[PDB]
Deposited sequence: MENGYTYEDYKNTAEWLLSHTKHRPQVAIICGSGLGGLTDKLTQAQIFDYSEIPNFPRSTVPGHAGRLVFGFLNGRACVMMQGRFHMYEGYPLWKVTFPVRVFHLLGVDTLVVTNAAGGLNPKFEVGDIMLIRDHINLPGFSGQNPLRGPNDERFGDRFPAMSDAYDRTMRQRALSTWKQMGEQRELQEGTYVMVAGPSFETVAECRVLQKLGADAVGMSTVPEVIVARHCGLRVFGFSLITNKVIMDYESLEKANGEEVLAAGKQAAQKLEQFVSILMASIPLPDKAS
């Protein structure tokens, strides 16, 4: 295997962007889908379709602008391993962002609650991840390493910025809420099918608190090239963890688990901006 992109392809995507928008983003935000009407909060919103973007994998848009005093770039729609993309395509935008000048990555996603304490609607702050595809070989850094981005063997034990995590628990308290900010381990599985009961039990045993099909690869790539990362999971569903229970996970409840729980998340992210140091 080999990454299709050369250092230069990245570099030429970045330049193209640098020249087609006067915005100079500092914070990249990678939202779910449902969990990002977050586009209206921006101001001076400039949109590019992925389709116009030299090299951009493949209705997918890059929106540049200003969230609450920070210059942002928001990916609206992301790529997934389950769509068939190799990981070096899934995480191509991350490297592009670094070269645009960005120094922080915020990632959000929807995920099934594995911890029996979580409730549909909860926001879980990501403290750590379990990269199960990565154990087998599906790590987005597989291949020759390019030292212009970062090291051969980057560390992930501190992927999720301790400072931003503290500031996120501050901010949340900064509005004394009906539920608290949750915290835990996000496990990535490839999907696109949902877990069996036995699989759920496997993931609870591994120590995971939430489960989804994304995020981890962008986080690894982000950290490889020196960005500060933090993120959240909107728990959209409690994963079925025993056999009598006749109820099921669907793409419908994940999507339709926008509502006040998703608006909550938008506003939370938008306030966070103020805790990101210039």
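Unmodelled segments of the deposited chain, in sequence order: 59 to 64, 285 to 289.
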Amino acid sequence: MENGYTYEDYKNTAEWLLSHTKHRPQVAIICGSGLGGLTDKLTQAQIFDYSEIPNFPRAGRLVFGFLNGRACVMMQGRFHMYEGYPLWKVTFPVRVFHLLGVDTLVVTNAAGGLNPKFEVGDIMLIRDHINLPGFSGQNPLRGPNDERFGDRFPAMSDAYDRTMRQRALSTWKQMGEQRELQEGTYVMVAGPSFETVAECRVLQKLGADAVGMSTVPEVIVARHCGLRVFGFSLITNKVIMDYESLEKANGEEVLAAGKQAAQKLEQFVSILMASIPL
From here on, numbers count along this sequence of modelled residues.
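As recorded in the PDB entry, 240 to 248 is the stretch of 60 to 68 and 240 to 248 with the greater mean C-alpha temperature factor. As listed in the deposited structure, the average C-alpha B-factor of 98 to 106 and of 167 to 175 is greater for 167 to 175. If you compare the C-alpha temperature factors of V27, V211, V229, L42 in the entry, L42 comes out highest. Annotation for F79: CA B-factor lies in the middle third of the chain's modelled residues. Looking at the C-alpha B-factors along this chain, the one for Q204 belongs to the middle third. Among all modelled residues in its chain, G143 ranks in the lowest third by Cα B-factor. Annotation for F149: CA B-factor lies in the middle third of the chain's modelled residues.
Per-chain ranking of the deposited C-alpha B factor places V120 in the highest third.
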